[PDB]
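All remarks here apply to the structure that follows.
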Amino acid sequence: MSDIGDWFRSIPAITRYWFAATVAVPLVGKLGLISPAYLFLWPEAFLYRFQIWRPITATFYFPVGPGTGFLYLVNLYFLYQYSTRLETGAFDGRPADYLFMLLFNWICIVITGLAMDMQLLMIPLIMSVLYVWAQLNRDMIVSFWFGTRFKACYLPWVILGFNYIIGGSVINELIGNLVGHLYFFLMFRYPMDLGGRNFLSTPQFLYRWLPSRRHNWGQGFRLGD
Amino acid sequence: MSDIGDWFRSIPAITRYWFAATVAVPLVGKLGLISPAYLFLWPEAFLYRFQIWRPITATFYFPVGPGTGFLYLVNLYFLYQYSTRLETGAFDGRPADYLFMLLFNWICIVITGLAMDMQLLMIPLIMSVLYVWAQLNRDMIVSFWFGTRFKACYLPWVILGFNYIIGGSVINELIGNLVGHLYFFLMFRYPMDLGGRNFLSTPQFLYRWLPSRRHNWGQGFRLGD
Amino acid sequence: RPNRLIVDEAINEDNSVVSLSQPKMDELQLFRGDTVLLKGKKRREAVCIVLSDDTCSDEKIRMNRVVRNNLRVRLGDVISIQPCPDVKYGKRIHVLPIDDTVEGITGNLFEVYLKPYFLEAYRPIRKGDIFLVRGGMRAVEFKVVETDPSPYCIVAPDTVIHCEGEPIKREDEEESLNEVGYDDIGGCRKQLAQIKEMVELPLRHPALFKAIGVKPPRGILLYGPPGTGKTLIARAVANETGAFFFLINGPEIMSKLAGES
Amino acid sequence: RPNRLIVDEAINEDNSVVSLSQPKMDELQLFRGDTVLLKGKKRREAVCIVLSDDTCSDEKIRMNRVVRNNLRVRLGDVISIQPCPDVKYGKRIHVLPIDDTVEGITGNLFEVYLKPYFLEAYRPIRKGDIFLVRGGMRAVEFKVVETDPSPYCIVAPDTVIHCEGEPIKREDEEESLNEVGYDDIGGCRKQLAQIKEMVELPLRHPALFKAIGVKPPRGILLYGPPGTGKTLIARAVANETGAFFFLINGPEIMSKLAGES
Ligand SMILES: Nc1ncnc2c1ncn2[C@@H]1O[C@H](COP(=O)(O)OP(=O)(O)O)[C@@H](O)[C@H]1O
Numbered sequence: 001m002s003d004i005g006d007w008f009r010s011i012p013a014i015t016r017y018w019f020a021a022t023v024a025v026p027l028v029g030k031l032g033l034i035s036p037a038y039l040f041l042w043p044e045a046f047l048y049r050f051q052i053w054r055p056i057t058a059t060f061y062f063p064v065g066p067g068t069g070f071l072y073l074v075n076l077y078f079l080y081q082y083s084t085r086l087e088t089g090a091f092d093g094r095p096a097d098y099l100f101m102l103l104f105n106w107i108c109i110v111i112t113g114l115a116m117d118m119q120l121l122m123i124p125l126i127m128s129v130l131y132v133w134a135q136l137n138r139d140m141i142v143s144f145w146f147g148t149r150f151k152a153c154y155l156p157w158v159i160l161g162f163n164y165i166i167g168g169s170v171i172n173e174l175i176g177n178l179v180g181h182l183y184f185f186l187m188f189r190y191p192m193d194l195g196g197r198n199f200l201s202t203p204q205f206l207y208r209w210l211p212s213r214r240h241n242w243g244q245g246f247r248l249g250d
Numbered sequence: 001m002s003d004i005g006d007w008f009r010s011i012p013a014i015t016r017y018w019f020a021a022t023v024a025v026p027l028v029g030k031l032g033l034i035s036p037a038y039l040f041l042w043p044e045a046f047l048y049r050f051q052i053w054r055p056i057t058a059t060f061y062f063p064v065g066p067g068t069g070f071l072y073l074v075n076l077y078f079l080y081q082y083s084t085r086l087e088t089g090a091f092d093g094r095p096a097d098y099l100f101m102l103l104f105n106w107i108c109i110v111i112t113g114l115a116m117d118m119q120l121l122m123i124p125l126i127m128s129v130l131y132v133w134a135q136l137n138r139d140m141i142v143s144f145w146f147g148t149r150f151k152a153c154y155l156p157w158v159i160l161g162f163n164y165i166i167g168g169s170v171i172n173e174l175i176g177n178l179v180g181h182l183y184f185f186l187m188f189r190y191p192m193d194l195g196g197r198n199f200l201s202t203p204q205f206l207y208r209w210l211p212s213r214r240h241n242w243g244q245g246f247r248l249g250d
Numbered sequence: 022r023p024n025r026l027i028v029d030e031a032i033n034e035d036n037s038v039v040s041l042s043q044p045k046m047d048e049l050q051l052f053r054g055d056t057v058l059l060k061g062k063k064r065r066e067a068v069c070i071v072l073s074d075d076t077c078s079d080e081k082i083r084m085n086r087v088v089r090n091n092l093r094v095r096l097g098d099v100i101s102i103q104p105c106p107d108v109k110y111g112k113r114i115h116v117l118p119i120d121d122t123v124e125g126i127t128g129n130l131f132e133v134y135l136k137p138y139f140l141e142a143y144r145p146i147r148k149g150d151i152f153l154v155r156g157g158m159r160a161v162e163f164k165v166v167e168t169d170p171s172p173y174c175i176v177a178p179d180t181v182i183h184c185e186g187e188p189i190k191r192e193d194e195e196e197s198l199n200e201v202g203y204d205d206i207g208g209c210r211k212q213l214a215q216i217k218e219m220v221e222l223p224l225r226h227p228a229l230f231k232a233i234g235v236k237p238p239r240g241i242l243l244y245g246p247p248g249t250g251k252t253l254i255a256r257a258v259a260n261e262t263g264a265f266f267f268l269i270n271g272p273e274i275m276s277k278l279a280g281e282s
Numbered sequence: 022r023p024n025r026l027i028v029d030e031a032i033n034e035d036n037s038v039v040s041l042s043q044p045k046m047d048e049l050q051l052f053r054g055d056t057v058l059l060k061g062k063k064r065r066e067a068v069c070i071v072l073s074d075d076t077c078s079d080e081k082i083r084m085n086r087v088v089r090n091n092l093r094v095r096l097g098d099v100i101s102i103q104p105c106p107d108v109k110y111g112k113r114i115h116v117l118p119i120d121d122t123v124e125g126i127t128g129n130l131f132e133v134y135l136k137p138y139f140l141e142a143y144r145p146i147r148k149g150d151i152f153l154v155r156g157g158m159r160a161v162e163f164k165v166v167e168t169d170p171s172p173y174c175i176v177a178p179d180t181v182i183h184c185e186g187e188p189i190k191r192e193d194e195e196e197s198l199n200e201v202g203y204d205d206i207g208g209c210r211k212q213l214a215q216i217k218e219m220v221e222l223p224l225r226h227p228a229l230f231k232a233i234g235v236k237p238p239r240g241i242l243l244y245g246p247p248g249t250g251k252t253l254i255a256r257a258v259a260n261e262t263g264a265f266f267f268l269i270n271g272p273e274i275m276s277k278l279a280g281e282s
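Protein chains in written order, with the entry's author numbering: chain X, 1 to 214, 240 to 250; chain Z, 1 to 214, 240 to 250; chain B, 22 to 282; chain D, 22 to 282.
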């Protein structure tokens, strides 16, 4: 009996595909089929020549070694265990908005990585989605296997400390928190603060590809008397 | 009481001549009695020169140093603790079969290692033996230490991940799992769900070299076409 | 703030009635047959029909198990009540049967259960409610997943009821209505009253009891003939007051093995 | 229930074939060369291969004498047929000759009978079956006592068979789990009636009884003077209704070994 197959199939399509790519790419990179030096998002190479090969893959790639196994494991664990939780709430019947948000965050993070020198654009996206989930679930008593009474909207800073003490590259996670805050301010707080038209409008292309699932009334019978 | 002698005698035949071997070859390397440079299975010299001693000896040696002994110890422990199970059940009344499958595994692994540029050989063969045992004993329940309830047909993948995250060198377990799965098709699954003719028949000279048990139902014959 | 009241057991078995004392109705300007809104814990809301009762005191409000479960409150707690005569007749309601009651029915649910229950009843309903309907040999439980208008609506003869769809799984909040409560015990009024008296404070407000500095009872011996319903009494008390009922069996502990019992 | 089927005489004499009408195979979605399971009375099972026949009626199944003996039925009876696509290729079997067929043969049975019969035959067999082979001058009767895997297998060219052993008798011990039923009980009319009344429903139709929601009996105590044959009563009831009667003796359970009882 394929427990793994059923567990994979119960996952939502968005996060199943994201998780599958994020797990598959590092194995291919380490396996030696393609040299890892071809996927690092070098700013000068992209600036001078076109080099459309490495603007996107550096997000999904990670050169795992015997120094960062724990970091990789905890990052993928949090990604898997919070993407589904975000799916259950908020964007529960509107996956198009979810793709819109992820694309917005990815474009902002790749632009700021073009400006800065960071090479592996995988942690910041997870940090941004975790930050937005924490900020959209405030005043909730969160507790992991040993957490006693940890409060919400503080987990991003706890993982900030955890990642800073275990490893380094604090700039990427700060900029991830920054882009998450920017999206949260411009998506939900903007209409209730200024009342203007939503600048974050999803075009109809995603609706064509991913139409939102509405109610299914079915057939009914009049009660009468 | 000489526990060494009694324990050695209690060990079944074939493993008794394997285990000791793989704990005696490294000593010669470590004491420096024989130069280790002649014990690394260099493929190009094997192709050009004769180098007949390379495959038989390079599959029994592993350099041990500062902190690489733990993997050797755990691999040897698994080898013993699961080869005893493999001989006592399934491949029990066919001493030749337990040896024919080992030679088939060895031939396949040396072929694929000559194709590749791998140095050592015992680890993929151990993984192949463990996998061919695990695929035969599905629907069980075991635990290593932390009260975990993994069922079966997962332990090879679990230890694959364990070796992967803690360190590296992932090719030399996939190359063993693939060979084990190929043997499982060519031995059990293929001529049991479709009816194809057997391609792995143990030669009679092995039976005359090593006799078999006395079957409960007297003696049997093959039908054929 | 003359609106906080304490809940208590009810005598009427209808799922959309609450018993009140006449002075509270006079004070709150609530007339018989009016529909009122109730607010409780976890920001859950319900609607009820007010009925006058002499037995209940002014400070106590009588309600059955279904309404208390909807409000996610237990006995002796505090709730909020307000009037709301602005309810409008509904247009259409979508209901579904909870999965863990409907195992093996294979038939038309609307005619058997919903039509007799909703006929000439004018029961107010709200989105997300759970209501229990007695049937042939089971007690089905239905969940409302969609209504129009939302959330307040009234079931009227001119209504298109949709009840077709995949059964809903459990909410995972428990509150299974198939458990045992104070309504499943009869012929033991006095002893149940005594137990409910001297178990309540140590299990409801432990902080106040610790602050007072008074020793609570530590053991109770329920003795009687076998088959008179003692385990049921203990389970009902545990499920009503709210606890972590843990059952230890005699024979299980006795003959486990030699010393490690 | 389009599974009950009346029996009829066979046209072809092959052991492992049953003749089916075309609409029946269309209705059940069965194709030629596949395997099906036949179940009847006395908890007897068989495996067979579906074959086509225009002459045979839809409700009639054409089938020979050996399968009738295996299923312990007769003409005019009813047999249930079910699909079985998970038939599993065999590895080794043990076959023995019946006592009253090998009188004055004194030869090797592997090549005279078994080899001609089993070549390119693809005949599925089950444990405990009895089958006949026609050869030189005698109809040799053979019994299958084990198969790998059990109990379903298909004879294949790359299989090993064992037929070396003493000629086994016909039944020996196969009467306790057999014809014994209501016809072999005396002086228990009222008690047998009560047992049949309070045990028939929870065993013949368990799904319906579970669906209704009524507790089934969990214990029965047949008490009386020794030697009246109560174990025969229980065996008859189990063998008639259809169950897995599992006898447990007292003394053997008592003195097994200290604490392993
Ligand atoms: N009001 C009641 N008083 C006594 N028994 C009841 C009452 N209501 C139901 N029962 C029955 O009592 C049974 C449970 O008895 P139980 O507590 O196990 O007896 P004992 O305490 O002797 O073990 C239930 O199966 C239920 O049918």
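Beta carbons: idealized from backbone N, C-alpha and C, even for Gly.
Item                                                                                                               : Value
Short-range partners of chain Z found in the stretch 57-68 of chain X, where Cβ spacing is below 7 Å               : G65 and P66
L253 of chain B beta carbon near ligand 1 (any heavy atom closer than 8 Å)                                         : yes
Span of the alpha helix (DSSP H), counted from its first residue to its last, around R9 of chain Z                 : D3 to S10
Buried versus exposed call for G111 of chain B [16 or more other C-beta atoms within 10 Å across all chains shown] : buried
Run of the beta strand (DSSP E) containing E162 of chain D, from where it starts to where it stops                 : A160 to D169
Any non-hydrogen atom of ligand 1 closer than 8 Å to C209 of chain D Cβ                                            : no
Residue closest to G93 of chain X, alpha-carbon to alpha-carbon, out of X:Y207, X:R247 and X:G249                  : X:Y207
Where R247 of chain X meets chain B, residues with beta-carbon distance less than 9 Å                              : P178, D179, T180, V181 and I182
Nearest-angstrom Cβ-Cβ length linking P36 of chain X and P12 of chain X, presumed shorter than 8 Å                 : So it is not a contact: roughly 31 Å between Cβ atoms.
Contact check, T68 of chain Z vs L39 of chain Z, beta carbons under 9 Å                                            : no
Chain Z contacts made by the stretch 101-121 of chain D, where a contact means CB separation under 7 Å             : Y110, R113 and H115
Backbone CA spacing between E218 of chain B and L224 of chain B [nearest angstrom]                                 : 11 Å
Below-9 Å beta-carbon distance, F70 of chain X vs any chain Z residue                                              : yes
Simplified DSSP assignment, three categories, for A134 of chain X                                                  : helix
Delimiting residues of the beta strand (DSSP E) encompassing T22 of chain Z                                        : Here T22 of chain Z belongs to no beta strand (DSSP E); instead the alpha helix (DSSP H) covers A13 to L31.
For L76 of chain Z, the first and last residue of its enclosing beta strand (DSSP E)                               : Here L76 of chain Z belongs to no beta strand (DSSP E); instead the alpha helix (DSSP H) covers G69 to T88.
Beta-bridge pairing of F246 of chain Z - partner residues as DSSP gives them                                       : D:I182
Given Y98 of chain Z as reference, the closest of Z:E87, Z:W106, Z:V132 and Z:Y77 once Cα atoms are compared       : Z:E87
Residue-chain proximity (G32 of chain X, chain Z), Cβ-Cβ < 9 Å                                                     : yes
Any C-beta of chain D under 9 Å from that of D193 of chain Z                                                       : yes
Proximity test, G250 of chain B beta-carbon vs ligand 1 heavy atom, cut-off 8 Å                                    : yes
Buried or exposed (CB count within 10 angstroms, at least 16 for buried), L242 of chain D                          : exposed
Assigned exposure category for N198 of chain X - 16 Cβ within 10 Å defines buried                                  : exposed
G195 of chain Z beta carbon less than 9 Å from that of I100 of chain D                                             : no
Chain Z contact for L27 of chain X (CB, 9 Å cutoff)                                                                : yes
Through-space distance from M46 of chain D to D79 of chain D, alpha-carbon basis                                   : 9 Å
Short CB-CB distance (under 9 Å) between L73 of chain X and chain Z                                                : yes
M116 of chain X burial status per 10 Å Cβ neighbour count (16 or more: buried)                                     : exposed
Coil, strand or helix - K190 of chain B by DSSP                                                                    : coil
Range of the contiguous alpha helix (DSSP H) that encloses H115 of chain D                                         : Run containing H115 of chain D: none in the alpha helix (DSSP H); it sits in the beta strand (DSSP E), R113 to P118.
Same chain only: Cβ atoms within 7 Å of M84 of chain B, ignoring 5 sequence neighbours per side                    : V28, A31 and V39
When D:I126, D:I146 and D:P118 are compared against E162 of chain D, the one with the closest alpha-carbon         : D:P118
C-beta neighbour in chain D for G5 of chain Z, strict 9 Å                                                          : no
Cβ-based burial, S37 of chain B [other Cβ within 10 Å; buried from 16]                                             : buried
Start and end residues, alpha helix (DSSP H) containing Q212 of chain D                                            : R210 to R225
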